[PDB]
Every structure is written in C-alpha cells, then in structure tokens.
Amino acid sequence: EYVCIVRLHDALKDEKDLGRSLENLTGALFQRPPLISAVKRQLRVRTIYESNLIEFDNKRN
Amino acid sequence: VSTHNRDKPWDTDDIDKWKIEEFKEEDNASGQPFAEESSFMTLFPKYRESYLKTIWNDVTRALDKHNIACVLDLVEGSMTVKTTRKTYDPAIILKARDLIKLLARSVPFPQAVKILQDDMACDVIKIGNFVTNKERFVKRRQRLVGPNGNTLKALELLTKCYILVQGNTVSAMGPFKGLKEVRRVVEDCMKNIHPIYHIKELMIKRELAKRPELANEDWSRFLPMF
Amino acid sequence: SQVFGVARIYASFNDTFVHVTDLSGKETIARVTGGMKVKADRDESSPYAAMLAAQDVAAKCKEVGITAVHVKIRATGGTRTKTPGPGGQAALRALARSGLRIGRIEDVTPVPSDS
Amino acid sequence: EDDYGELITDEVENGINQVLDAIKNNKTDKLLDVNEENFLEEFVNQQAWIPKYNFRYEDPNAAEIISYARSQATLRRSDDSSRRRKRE
Amino acid sequence: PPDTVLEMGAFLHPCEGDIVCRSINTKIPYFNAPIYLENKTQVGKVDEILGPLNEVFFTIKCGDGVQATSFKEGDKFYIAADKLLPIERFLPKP
RNA sequence: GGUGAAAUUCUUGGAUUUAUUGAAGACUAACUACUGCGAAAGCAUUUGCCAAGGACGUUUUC
C-alpha cells in the first residue's frame, strides 16, 4: 500500500476527471517496468485492489 | 526627368552601397524578443513527400543555426516555419519562408540551404498559366532545357544562378540582376520567344558591359532588335 | 509602456519605401523612399539607401514615440515578381538596429489567381 | 511554334558576329558610333540550341524533366468530390 | 509493406505528441510494432500499452513528419496481423 | 516609373504609398500534375439542376 503524489503537466478542465481515471485503473492492469528497475521490461498484468483520491489541487497541479 | 528632386550631398561615392553588414544577437538595442509569434505556411506536392521525410531533421539543424522553429505535417501536407523567442533576426523568418518554398518546388537541400545567406535570393516563376494547350506547354518548357541541358547551362552562364525547371514552376537562386534576367527569359519563352534570342542579347549586353565607353552609351543601337 | 505603429515596407527591385502608420491605418506617421536617401536612380535599389531611409523613419517614430513596429513587407506583386527587393531586408535589419521592437511579421504581397 | 531560331536568321547572326568583332576590336570610331567562354563559343558556333551542387547542369540527368504519377499512396487527407457523394 | 491490416485503435487523445488510442481489436500488439493507415501507410510505432483488461488503451509514438494534432476523433489506426499477441498470454498460468 | 546605364510620362493642384466606400470586366493563388478526363478545343470556389460518357464484368433479335 502506497500513498503517492502525482504531478500533472497541465491543469484539468474539471476536477473529477482524475477521480474517474483513478477508479478506471483500479483492477487488473497492463504494465511494463521502467528502465530504472533492474528487472527486464515485459508486459505483465498486475492488480490494484483499491484506490482513493485523498486530495487534488489544480493550482498546485 | 526627375522633376522637383532635391540634392543629396550626404551620399558618398566611396562608400560601397552594395556591401551587406552581418547581424548579431546584440545588434538589436531593444533587448527583447518579438511580441507576437509569426509563422509562414506552405504546401508541397505529394511526390516531394518521401524526400522531405529523409531531409527534414537536417533542415531543422539548419534552422537550429538561426533559432527558427519548423514543423512538417504530412496530413495537411504542409511545412510551417515559426519565429522563436531566442530569434533575434527579423528577416530570417522570410528567408525560411523562401527556404520552404524552394524545398517544395523540388530544389535539392544542399542547394536550397544557401538561401539562408544574406546574399542569395530566390524567385519562383509560374509557367502553367501562359498557354492552355498541353503539347505547346511541354514544347516551350523543353525550349528552356533544350538538348542535353546545354542552353540551360548557358542560362546559368547568363545569370550565375541555379535554375530548376519542374512542373509548372521555374526556381531561380542567385543575384537580383540574374533573377530579373531569368524572369525575362522564362516569361518570354512561355510567350514563344525563343531562349536563344535572349541568350544572344545577354551575351551582347555582357560584351557591351566589358567596355566602359559602350556602357556609358545606349546598348540598343549596337544590340540587334528583338 | 508599449506603443504600436505598423511599419509597412515596400521592397521592390527598383526602390524601397518605409511607411510608419497608426494601427488603424487612417493616420500615417511618416514616409521615406529610397530615392530620398540617394540621388542616383540606380542607388534606389541599393541596401544603403534603404538603411538610411529606415534610420530616418525610426528617428521619426522615436520622435512620435513609437516603441514597437508591426512590419508588413509587400513586393511588386500582381503580374510582376513576388520576390522582395534587396533593400527590404536591409531596412528591416536597420529597424532592428535602431532599437525598436519588431512585432508580427506577415507578408502582404498581392497574388492573382490568373492573368 | 518556331523552335530553330526563325527570327535570328543566318544574315542576322552574321551581322551580330560583325558587331561583336567590331566591339572586340575596341575601335574608337566604332565606340563613338574548363573554360566557360569556350563552352559558350562552342554552343553559339555549332548551333547547340537547335535540336539534332553549384548548378543544375553539374548534376547528372539535368536534361530530363522528371514526371510523377498523379496518384500516390500517402498520409494526406483527400476530400471526396461532390459527385461521389451524390452517387452514394 | 504489410499484406493485410486489422483495425487496431481509435483516436482518443493527442497528448505530448503521441497518439492515445482505444484498442478496438481484442489482441495485444507487439511493442514498437508499426501502426498503419488503411492505405497501408506507416504513421508511427507502438510506444505504450496501458489500461485495464476490459478497456485496453495504447499509445503510438508518431513517426517524424507526423503531428498528433492533425488527427480527429473517430479516426482508425491499423496494424499488421503478425504483430498481435493473445490476451491470455499475459494472464497468469493456471 | 523603368533601365545595364538610360529615356517617354505623372504630379507640392498631392505624383507614389496606406486605409475605406461605390461601379465595371476578368480569374479561381498553393495542393498541381507530358501517368486524370475529352474526339479535339480544353478542363480544379461552394451549392443545386440537366444530359452524356470512360475502364470492368454479364452478355447481345447483333
């Protein structure tokens, strides 16, 4: 379980888009590991069981 | 007959008016970039497409020398040159517009890149509207090239300009006097006056320009009528 | 702190014009020609006369207080050639040297559909 | 459509050559009243205009005018004609 | 050039010069597989595969000379049929 | 203004340039092309209307 701060490059049109996308990606997911990780980059299915948008600020992005 | 013209004693004959000064980043005393971004957009024919696909990065490198952004979008089939905030030369966007026009009109990039120099200048002459018949248009276009390119080379020797005849356009890169001369030759050739008629006249004009005494007088008496 | 006045430049093969005008275009601030700088008719095409005329127009604009100038370059046009003259680039660079800011650069050369 | 120098006849060419010789002689009375020059002289004398990256002619195949197909497969968007929409 | 093409994706977002596509087809493309238009013209290569199992998205890295703003909604992007993988391959083995 | 240099013309009454209005004729800038169409002539603004075709296949009171 992580608590993560995501930084968005541009401000959203509406605030609930991030929440809709966060509940969209909850579940099984297609992921490839980043180049920083020591493991080989291959497409795997990983499950995000739960997610919750604690906070969101457009001005701070 | 320059009536009511005032004198100009400030002009000096010793000063070379044809000399062109270079430009630098500190040349503008404003110290600020352009207020509004200015862009120039041209289209190119489809057959040029793949060649542009292989050259554009190099083109960008050339514009990277002059701080001008460029974009090539195949779906609109357009090439656009845009000024940047780091751009300090106001005429380089016009020279980039000339560059993309020459690249669209089938001038190769090793030749077309020299338009970014201050000395060079280009003229694109449209020849599709002079005659409506296809066979006459093809014949008059072949008059410019002639057999084995030879008279075309003579036209180069007439003007010291790179001349390329493609489709409905004649692209000429060189000095301004050569541009005007090749404009005269191309328009008169599309109006069925033969290119050798102007080539011989240009040779006679060069021979008259060799002698200063002949250059002082009118060349029309010595040169044959045409 | 910025004063905008459009500086329309005529870059012909024979001579060059510089014309500082208000943004609406109804009131013209100043005008100068290549033949004004140099008495010779062949020197009207020369870049030096265009640079001198641009310097005079920039001095007139600084007297009028024009901080920045929009530039419209317009060639011979029509049935004639569309290539800007030799003195147009030189006078544009002279306006850059004078210290006035350069605004939007667009080409207003008239092109016909045919004939 | 004349394409063999119809107006520039042999007599006119001889007169132009005589005028050029008088100019090259640099007479005071006449004034009061490899090598590119060799290639130009060969073109003028042998009637090279009549049919039988510094410059374009230096590149090979400068004589041929390259023709291209009127239909190419490409990424460019093509708008349908009104006739095709009417047929549909 | 590919012999046959299949409906891979539908245009969704042009973000950061790359094309986001809803995966219409039910199989997973190769990484860096060429993406074509229906005249079999290469527009770009597959850059990223993302999204849940029910709704798979993929991001195409556009080739040079192609801009992401030039496309519109409802456009289709095609891939050669050799560049596909079954979805059950990435699923855990029983 | 134009020329290689020129020259004829226009005017401090405003030539030229710029902005607006009105009228007239002409044309459809780039894409654009000796690989499209048409017997030739010639042919790319939008919108409709009308008539007729080209290549292909099935054939013909042939």
# chains A, B, ... in the order shown; residues from 1 in each chain; ligands from 1
call {"tool": "interface_residues", "arguments": {"of": "chain C", "to": "chain F", "cutoff": "6 Å", "atoms": "only C-alpha atoms (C1' of nucleotides)", "output": "count of residues only"}}
result
6
call {"tool": "residues_around", "arguments": {"residues": "region 18-29 of chain A", "least_positions_apart": "3", "cutoff": "12 Å", "atoms": "only C-alpha atoms (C1' of nucleotides)", "output": "JSON, numbers by chain"}}
result
{"A": [6, 7, 8, 11, 12, 13, 14, 15, 32, 43, 44, 45, 46, 47, 48, 49, 50, 51, 52, 53, 54, 55, 56, 57, 58, 61], "E": [49, 50, 51, 52, 53, 54, 55, 56, 57, 87, 90, 91, 92]}
call {"tool": "select_by_dssp", "arguments": {"residues": "chain A", "states": "alpha helix (DSSP H)", "output": "mmCIF file with N, CA and C atoms, in the first residue's frame"}}
result
data_model
loop_
_atom_site.group_PDB
_atom_site.id
_atom_site.type_symbol
_atom_site.label_atom_id
_atom_site.label_comp_id
_atom_site.auth_asym_id
_atom_site.auth_seq_id
_atom_site.Cartn_x
_atom_site.Cartn_y
_atom_site.Cartn_z
ATOM 1 N N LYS A 16 -13.048 16.196 -11.467
ATOM 2 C CA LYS A 16 -13.463 14.817 -11.221
ATOM 3 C C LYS A 16 -12.877 13.857 -12.251
ATOM 4 N N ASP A 17 -12.170 14.388 -13.251
ATOM 5 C CA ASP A 17 -11.539 13.552 -14.267
ATOM 6 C C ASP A 17 -10.461 12.657 -13.667
ATOM 7 N N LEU A 18 -9.680 13.206 -12.731
ATOM 8 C CA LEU A 18 -8.639 12.421 -12.075
ATOM 9 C C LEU A 18 -9.241 11.300 -11.238
ATOM 10 N N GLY A 19 -10.341 11.580 -10.535
ATOM 11 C CA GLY A 19 -11.023 10.533 -9.796
ATOM 12 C C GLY A 19 -11.615 9.460 -10.686
ATOM 13 N N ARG A 20 -12.212 9.860 -11.818
ATOM 14 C CA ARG A 20 -12.740 8.878 -12.760
ATOM 15 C C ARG A 20 -11.633 8.004 -13.332
ATOM 16 N N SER A 21 -10.487 8.595 -13.673
ATOM 17 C CA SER A 21 -9.377 7.804 -14.194
ATOM 18 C C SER A 21 -8.789 6.897 -13.118
ATOM 19 N N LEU A 22 -8.748 7.373 -11.870
ATOM 20 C CA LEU A 22 -8.222 6.555 -10.783
ATOM 21 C C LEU A 22 -9.101 5.340 -10.528
ATOM 22 N N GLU A 23 -10.424 5.505 -10.603
ATOM 23 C CA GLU A 23 -11.293 4.338 -10.477
ATOM 24 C C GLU A 23 -11.304 3.513 -11.760
ATOM 25 N N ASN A 24 -10.918 4.120 -12.885
ATOM 26 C CA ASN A 24 -10.786 3.368 -14.130
ATOM 27 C C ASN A 24 -9.613 2.398 -14.071
#
call {"tool": "residues_around", "arguments": {"residues": "residue 47 (chain E)", "least_positions_apart": "6", "cutoff": "6 Å", "atoms": "only C-alpha atoms (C1' of nucleotides)", "output": "ChimeraX atom specification"}}
result
/E:32,59-61
call {"tool": "write_last_selection", "arguments": {"atoms": "N, CA and C atoms", "output": "short mmCIF file (atom, residue, chain, number, x, y, z; two decimals), in the first residue's frame"}}
result
data_model
loop_
_atom_site.label_atom_id
_atom_site.label_comp_id
_atom_site.auth_asym_id
_atom_site.auth_seq_id
_atom_site.Cartn_x
_atom_site.Cartn_y
_atom_site.Cartn_z
N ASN E 32 6.76 -1.55 -30.14
CA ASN E 32 7.38 -0.93 -31.31
C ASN E 32 6.88 -1.50 -32.63
N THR E 59 -0.63 3.74 -26.67
CA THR E 59 -0.04 5.00 -27.09
C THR E 59 0.96 4.72 -28.20
N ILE E 60 0.74 5.37 -29.34
CA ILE E 60 1.59 5.29 -30.52
C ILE E 60 2.55 6.46 -30.50
N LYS E 61 3.84 6.17 -30.65
CA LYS E 61 4.84 7.20 -30.87
C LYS E 61 4.84 7.53 -32.36
#
call {"tool": "closest_atom_pairs", "arguments": {"of": "chain B", "to": "chain C", "cutoff": "6 Å", "atoms": "only C-alpha atoms", "output": "Markdown table"}}
result
| residue | atom | partner | partner_atom | distance |
| --- | --- | --- | --- | --- |
| B:8 | CA | C:39 | CA | 5.5 |
| B:17 | CA | C:48 | CA | 4.9 |
| B:18 | CA | C:46 | CA | 5.9 |
| B:27 | CA | C:97 | CA | 5.6 |
| B:28 | CA | C:97 | CA | 4.7 |
| B:29 | CA | C:99 | CA | 4.1 |
| B:30 | CA | C:99 | CA | 4.6 |
| B:34 | CA | C:103 | CA | 5.3 |
| B:35 | CA | C:103 | CA | 5.1 |
| B:36 | CA | C:104 | CA | 5.2 |
| B:38 | CA | C:104 | CA | 5.5 |
| B:91 | CA | C:89 | CA | 5.9 |
| B:123 | CA | C:83 | CA | 5.8 |
call {"tool": "residues_around", "arguments": {"residues": "residue 3 (chain E)", "least_positions_apart": "4", "cutoff": "10 Å", "atoms": "only C-alpha atoms (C1' of nucleotides)", "output": "list in words"}}
result
residues 40, 80, 81 and 82 of chain E
call {"tool": "write_last_selection", "arguments": {"atoms": "N, CA and C atoms", "output": "mmCIF file, in the first residue's frame"}}
result
data_model
loop_
_atom_site.group_PDB
_atom_site.id
_atom_site.type_symbol
_atom_site.label_atom_id
_atom_site.label_comp_id
_atom_site.auth_asym_id
_atom_site.auth_seq_id
_atom_site.Cartn_x
_atom_site.Cartn_y
_atom_site.Cartn_z
ATOM 1 N N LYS E 40 -2.346 1.454 -45.955
ATOM 2 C CA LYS E 40 -1.120 0.789 -45.519
ATOM 3 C C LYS E 40 0.050 1.766 -45.471
ATOM 4 N N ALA E 80 -0.423 -4.571 -38.809
ATOM 5 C CA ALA E 80 -0.276 -5.869 -39.450
ATOM 6 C C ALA E 80 -0.634 -6.983 -38.473
ATOM 7 N N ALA E 81 -1.244 -8.045 -39.006
ATOM 8 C CA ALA E 81 -1.821 -9.082 -38.152
ATOM 9 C C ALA E 81 -0.747 -9.942 -37.495
ATOM 10 N N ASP E 82 0.486 -9.882 -38.002
ATOM 11 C CA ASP E 82 1.571 -10.647 -37.398
ATOM 12 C C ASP E 82 1.996 -10.034 -36.067
#
call {"tool": "interface_residues", "arguments": {"of": "chain B", "to": "chain E", "cutoff": "8 Å", "atoms": "only C-alpha atoms", "output": "PyMOL selection string"}}
result
chain B and resi 53+56+71-76
call {"tool": "residues_around", "arguments": {"residues": "residue 208 (chain B)", "least_positions_apart": "2", "cutoff": "12 Å", "atoms": "only C-alpha atoms (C1' of nucleotides)", "output": "PyMOL selection string"}}
result
(chain B and resi 201-206+210-223) or (chain D and resi 19-24+26+30-31) or (chain F and resi 4-5)
call {"tool": "interface_residues", "arguments": {"of": "chain E", "to": "chain D", "cutoff": "8 Å", "atoms": "only C-alpha atoms", "output": "list in words"}}
result
residues 37, 39, 41 and 43 of chain E
call {"tool": "closest_residue", "arguments": {"among": "B:186, B:176, B:161, B:193", "to": "residue 12 (chain C)", "atoms": "only C-alpha atoms"}}
result
B:176
call {"tool": "interface_residues", "arguments": {"of": "chain F", "to": "chain D", "cutoff": "9 Å", "atoms": "only C-alpha atoms (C1' of nucleotides)", "output": "PDB file with N, CA, C and O atoms (P, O5', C5', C4', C3', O3' and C1' of nucleotides), in the first residue's frame"}}
result
ATOM      1  P     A F  33       3.532  20.963 -60.341  1.00  0.00           P
ATOM      2  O5'   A F  33       3.569  19.556 -61.087  1.00  0.00           O
ATOM      3  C5'   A F  33       3.121  19.421 -62.429  1.00  0.00           C
ATOM      4  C4'   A F  33       2.411  18.109 -62.647  1.00  0.00           C
ATOM      5  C3'   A F  33       1.857  17.870 -64.044  1.00  0.00           C
ATOM      6  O3'   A F  33       2.836  17.349 -64.927  1.00  0.00           O
ATOM      7  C1'   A F  33       0.232  17.292 -62.397  1.00  0.00           C
ATOM      8  P     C F  34       3.396  18.227 -66.151  1.00  0.00           P
ATOM      9  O5'   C F  34       3.273  17.256 -67.409  1.00  0.00           O
ATOM     10  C5'   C F  34       2.012  17.014 -68.017  1.00  0.00           C
ATOM     11  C4'   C F  34       2.131  16.109 -69.219  1.00  0.00           C
ATOM     12  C3'   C F  34       2.417  14.644 -68.937  1.00  0.00           C
ATOM     13  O3'   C F  34       1.260  13.923 -68.555  1.00  0.00           O
ATOM     14  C1'   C F  34       3.790  15.406 -70.714  1.00  0.00           C
ATOM     15  P     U F  35       1.022  13.533 -67.016  1.00  0.00           P
ATOM     16  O5'   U F  35       0.811  11.954 -67.048  1.00  0.00           O
ATOM     17  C5'   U F  35      -0.180  11.368 -67.886  1.00  0.00           C
ATOM     18  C4'   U F  35      -0.581   9.992 -67.413  1.00  0.00           C
ATOM     19  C3'   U F  35      -1.402   9.950 -66.124  1.00  0.00           C
ATOM     20  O3'   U F  35      -2.336   8.873 -66.191  1.00  0.00           O
ATOM     21  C1'   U F  35       0.594   8.719 -65.830  1.00  0.00           C
ATOM     22  P     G F  36      -3.652   8.996 -67.106  1.00  0.00           P
ATOM     23  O5'   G F  36      -4.843   8.554 -66.143  1.00  0.00           O
ATOM     24  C5'   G F  36      -4.947   9.068 -64.823  1.00  0.00           C
ATOM     25  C4'   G F  36      -6.262   9.774 -64.601  1.00  0.00           C
ATOM     26  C3'   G F  36      -7.126   9.982 -65.837  1.00  0.00           C
ATOM     27  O3'   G F  36      -7.903   8.844 -66.167  1.00  0.00           O
ATOM     28  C1'   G F  36      -6.967  12.010 -64.646  1.00  0.00           C
TER      29        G F  36
END
call {"tool": "atom_distance", "arguments": {"atom1": "CA of residue 182 (chain B)", "atom2": "CA of residue 58 (chain D)"}}
result
18.8 Å
call {"tool": "atom_distance", "arguments": {"atom1": "CA of residue 37 (chain D)", "atom2": "CA of residue 63 (chain D)"}}
result
21.0 Å
call {"tool": "atom_distance", "arguments": {"atom1": "CA of residue 33 (chain B)", "atom2": "CA of residue 62 (chain C)"}}
result
18.8 Å
call {"tool": "residues_around", "arguments": {"residues": "residue 55 (chain D)", "least_positions_apart": "5", "cutoff": "9 Å", "atoms": "only C-alpha atoms (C1' of nucleotides)", "output": "list in words"}}
result
residues 111, 153, 156, 160, 161, 162 and 163 of chain B
call {"tool": "closest_atom_pairs", "arguments": {"of": "chain F", "to": "chain B", "cutoff": "10 Å", "atoms": "only C-alpha atoms (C1' of nucleotides)", "output": "tab-separated table"}}
result
residue	atom	partner	partner_atom	distance
F:4	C1'	B:209	CA	7.1
F:5	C1'	B:216	CA	6.3
F:6	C1'	B:218	CA	7.0
F:7	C1'	B:1	CA	8.5
F:8	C1'	B:1	CA	9.1
F:9	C1'	B:1	CA	9.1
F:11	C1'	B:3	CA	9.1
F:12	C1'	B:4	CA	9.3
F:30	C1'	B:43	CA	6.0
F:31	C1'	B:43	CA	6.4
F:32	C1'	B:45	CA	7.5
F:33	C1'	B:167	CA	7.2
F:34	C1'	B:138	CA	6.1
F:41	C1'	B:133	CA	8.9
F:42	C1'	B:133	CA	7.2
F:43	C1'	B:132	CA	9.5
call {"tool": "select_by_dssp", "arguments": {"residues": "chain E", "states": "strand (DSSP E or B)", "output": "PyMOL selection string"}}
result
chain E and resi 5-13+18-23+28-29+34-37+41-50+52+57-62+76-80+84-85
call {"tool": "residues_around", "arguments": {"residues": "residue 120 (chain B)", "least_positions_apart": "2", "cutoff": "7 Å", "atoms": "only C-alpha atoms (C1' of nucleotides)", "output": "PDB file with N, CA, C and O atoms, in the first residue's frame"}}
result
ATOM      1  N   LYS B 114      21.351  27.408 -49.083  1.00  0.00           N
ATOM      2  CA  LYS B 114      22.118  28.637 -49.244  1.00  0.00           C
ATOM      3  C   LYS B 114      21.239  29.882 -49.308  1.00  0.00           C
ATOM      4  O   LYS B 114      21.773  30.994 -49.357  1.00  0.00           O
ATOM      5  N   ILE B 115      19.911  29.727 -49.318  1.00  0.00           N
ATOM      6  CA  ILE B 115      19.023  30.886 -49.297  1.00  0.00           C
ATOM      7  C   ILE B 115      19.084  31.587 -47.943  1.00  0.00           C
ATOM      8  O   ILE B 115      18.765  32.778 -47.841  1.00  0.00           O
ATOM      9  N   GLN B 117      21.721  32.464 -46.503  1.00  0.00           N
ATOM     10  CA  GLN B 117      22.714  33.519 -46.625  1.00  0.00           C
ATOM     11  C   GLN B 117      22.040  34.810 -47.069  1.00  0.00           C
ATOM     12  O   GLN B 117      20.999  34.790 -47.729  1.00  0.00           O
ATOM     13  N   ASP B 118      22.639  35.940 -46.692  1.00  0.00           N
ATOM     14  CA  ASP B 118      22.019  37.232 -46.968  1.00  0.00           C
ATOM     15  C   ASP B 118      22.135  37.573 -48.453  1.00  0.00           C
ATOM     16  O   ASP B 118      21.232  38.189 -49.033  1.00  0.00           O
ATOM     17  N   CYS B 122      15.834  34.223 -54.116  1.00  0.00           N
ATOM     18  CA  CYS B 122      15.151  33.239 -54.944  1.00  0.00           C
ATOM     19  C   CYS B 122      13.929  33.857 -55.604  1.00  0.00           C
ATOM     20  O   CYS B 122      13.320  34.783 -55.059  1.00  0.00           O
ATOM     21  N   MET B 173      17.786  30.707 -58.080  1.00  0.00           N
ATOM     22  CA  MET B 173      18.500  31.122 -56.873  1.00  0.00           C
ATOM     23  C   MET B 173      19.777  31.838 -57.300  1.00  0.00           C
ATOM     24  O   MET B 173      20.646  31.236 -57.933  1.00  0.00           O
ATOM     25  N   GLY B 174      19.903  33.114 -56.943  1.00  0.00           N
ATOM     26  CA  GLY B 174      21.086  33.866 -57.287  1.00  0.00           C
ATOM     27  C   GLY B 174      20.962  35.356 -57.039  1.00  0.00           C
ATOM     28  O   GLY B 174      20.077  35.820 -56.314  1.00  0.00           O
ATOM     29  N   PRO B 175      21.879  36.139 -57.631  1.00  0.00           N
ATOM     30  CA  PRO B 175      21.808  37.604 -57.509  1.00  0.00           C
ATOM     31  C   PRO B 175      20.563  38.195 -58.150  1.00  0.00           C
ATOM     32  O   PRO B 175      19.935  37.560 -59.002  1.00  0.00           O
TER      33      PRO B 175
END
